[PDB]
Structure formats: structure tokens, C-alpha cells
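Colleague:
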Amino acid sequence: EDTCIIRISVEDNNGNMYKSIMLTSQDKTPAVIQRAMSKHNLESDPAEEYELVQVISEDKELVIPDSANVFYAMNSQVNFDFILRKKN
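As C-alpha cells, then:
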């Protein structure tokens, strides 16, 4: 129970996949941002250098780090896929 695949690619490329581990069910903020970035070896922290966007469905998208698992707080929604890219 409580399980979802979380993917994170902070390096352009609209196809190249980076992360996608279905951890138990709890992770997102800088903690997860490091598992996908610090892991491979690309940009770090989605602060201002670059931004991300968690696509869900209907109307539920997140952006910028500090996302404290914003999702299980009250429920869930299909799988989790976050795409990040450089910025200013």
C-alpha cells in the first residue's frame, strides 16, 4: 500500500529519463531533489537557477523545491512524474 514511482530529470531533454524510484511513499523536497540530481550529477536544488513542475492531473501541479510531499497530505493521484530544467 502507499507506493508511487517518482521520476526527476533536471537536464533539458524531453525524453531522457533520470530518476523514477517507487520509494515506499514519502519524499520530495530537497531530500528527493538530491536523490535525482546529486545521484547522477547535474544541477542541484531547484531554487532559482532552475525550476521543476510535478504533473498530476486535472489541476494539481507543483513547482520549486521545498515541496513537503505535497500530495499524500490529503490523498494521492496516479503516478508521480517531475520534469525540471535550467532557468535564469
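The numbering of the sequence shown is the authors' numbering, which starts it at 647 and goes up by one.
Positions of the beta carbon are idealized from the N, C-alpha and C atoms, including for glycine.
1) Would you mind stating whether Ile-667 and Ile-679 have Cβ atoms separated by less than 8 Å?
2) Look at the Cβ atom of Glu-704, then the Cβ atom of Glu-695, and state whether they are nearer than 8 Å.
3) What residues are listed by DSSP as bridge partners for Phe-717?
4) Which residue's Cα is closest to the Cα of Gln-700: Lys-733, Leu-669, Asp-648 and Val-724?
5) Hey, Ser-684 and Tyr-718: beta-carbon distance below 8 Å or not?
6) What is the rounded straight-line gap between the Cα of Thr-649 and the Cα of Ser-655?
7) In or out: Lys-674 buried (at least 16 other Cβ within 10 Å) or exposed?
8) If you drop the 5 nearest sequence neighbours on each side, which residues of the same chain put their C-beta closer than 8 Å to that of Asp-658?
Modeller: Answer, in terms of the structure:
1) no
2) no
3) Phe-717 is not bridged to any residue.
4) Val-724
5) no
6) 20 Å
7) buried
8) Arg-731 and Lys-732
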